[PDB]
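Consider the single chain below, provided in structure tokens and representing the form solved without the named molecule.
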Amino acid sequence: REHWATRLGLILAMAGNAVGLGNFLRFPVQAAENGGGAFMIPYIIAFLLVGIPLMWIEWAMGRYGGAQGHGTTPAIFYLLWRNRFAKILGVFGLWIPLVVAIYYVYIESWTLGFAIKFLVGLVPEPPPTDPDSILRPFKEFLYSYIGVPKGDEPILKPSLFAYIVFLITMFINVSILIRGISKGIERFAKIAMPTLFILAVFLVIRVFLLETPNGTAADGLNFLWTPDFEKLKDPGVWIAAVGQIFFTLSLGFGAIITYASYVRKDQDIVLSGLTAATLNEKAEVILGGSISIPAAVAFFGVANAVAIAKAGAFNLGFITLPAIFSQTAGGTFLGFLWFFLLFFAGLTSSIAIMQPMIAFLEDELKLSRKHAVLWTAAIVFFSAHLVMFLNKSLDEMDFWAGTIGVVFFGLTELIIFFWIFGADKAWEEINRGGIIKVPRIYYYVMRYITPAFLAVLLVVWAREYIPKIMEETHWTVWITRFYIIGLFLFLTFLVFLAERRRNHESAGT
């Protein structure tokens, strides 16, 4: 089995895993839609009661599985709970990162395509004051790229450039992953993360200098970091904050687990996991929070910046921000640095969500790294044609895997590790080899508070929020549902083949 060469490489790879498009695109939208500072109290509490404990659990499960040659949850869940139902629940930790990769790599490719177009100056020129005469050209620019429907048919028409840039993006992911853990993922992370940090700081500084008749960047920071205790009784904010915590830290994705399975059995996971989790939050609240919102608030004021955020997840990052930058000197290049930042942020996360599938093929079906990587790319590339060509397929995949799936899988893996396997065995496995120990209070948080927190959250979700999505959507959602259910069955069949191969292997030695 491969291992992380250096401790820094481990940290930066796990930080690259977490620090992605969730920090710079998703977080600003979530915070703005949910009252800015009103979102932040629930967010900080969710980091403390869910984010930190689950991160530790996933490192522990990972390292534990890796010590026996298993990187993924079908096998690992079985080690912790010797039951057939554990292998089947384990499939979600292959399915979730597979479904996420299918749309996530595609969005990642947009940032590469935009970066190329912004560098070379093939960008829209707004007329040289009206807010709609400035935003519209950039809206049309995004809409032509991805091919937003112009009529009634729920069909997308990606531009030829967008399609080819997706191929290149797939190729860049393959070129890193094919070199492995230490020579691929680890080496790249040591380059990407410093680059990512420098680009983000420069952008924050530039944005901090923005001032118009409508306000300054400081007004954005006031909006984001000013508490509103009247939203603490709103369950919608709590649900939003916990979902962002999961997405942002890569929890319930099976990706922290796969990476941790390359950590040596003896090596520290307590301080290392805390550092990775803390690095992500800095990149999220300080860097990600200080770019999009303050720029939007400076140019448009608070109320218009909120309305922009509610309109679309991609509105703020792909339309509004570049439009704002175009009104400043050197703004096209500043647009390039933004999209380049997003590309590197995405690339380090997409190599993380494809590694579980690769680890499964190597560990359980004994494929070489070359074949495991190429087949994984092939499945992701093929399946992405659904997201590329069917309108709202992306949204459906993001909901079932990236939103519902991750919270469900987070609760599941906590139950399996801390209740079934055993709380005291779990607690010991977490702390073993630790440079620091997990604060004692977290034993009771992990065992009682976190599972009750997530169970109540998921109950309110299924009752008050998902009956609408099951009944008030266009019929084409069943195409995506049909396909991703098929993907689960496919992966189940692979788990079946893996165990039959094991049975023949045990009848041969």
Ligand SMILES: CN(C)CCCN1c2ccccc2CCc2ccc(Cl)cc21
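Residue positions are given as counts along the sequence shown, with the first one as 1.
Just so it is clear, the following notes concern the form deposited with the named molecule bound, a form of the same protein that is not shown.
Using a 4.5 angstroms threshold between heavy atoms, residue 314 counts as touching the named molecule in the entry with it bound. Although the partner is absent from this view, residue 191 contacts the named molecule in the entry with it bound, with a non-hydrogen atom inside 4.5 angstroms.
Using a 4.5 angstroms threshold between heavy atoms, residue 425 stays clear of the named molecule in the entry with it bound. Within 4.5 Å of any heavy atom of the named molecule in the entry with it bound lies no heavy atom of residue 369.
The partner is absent here, but in the entry with it bound a heavy atom of 394, alone among 394, 323, 291, 260, sits within 4.5 Å of the named molecule. Proximity to the named molecule in the entry with it bound, taken as a non-hydrogen atom within 4.5 angstroms, holds for one residue of 247, 418, 138, 336, which is 247. Contact check for 38, 285 and 413: none of the three has a heavy atom within 4.5 Å of the named molecule in the entry with it bound. In this stretch, 408 to 435, not one residue has a heavy atom within 4.5 Å of the named molecule in the entry with it bound; the partner itself is omitted from this view.
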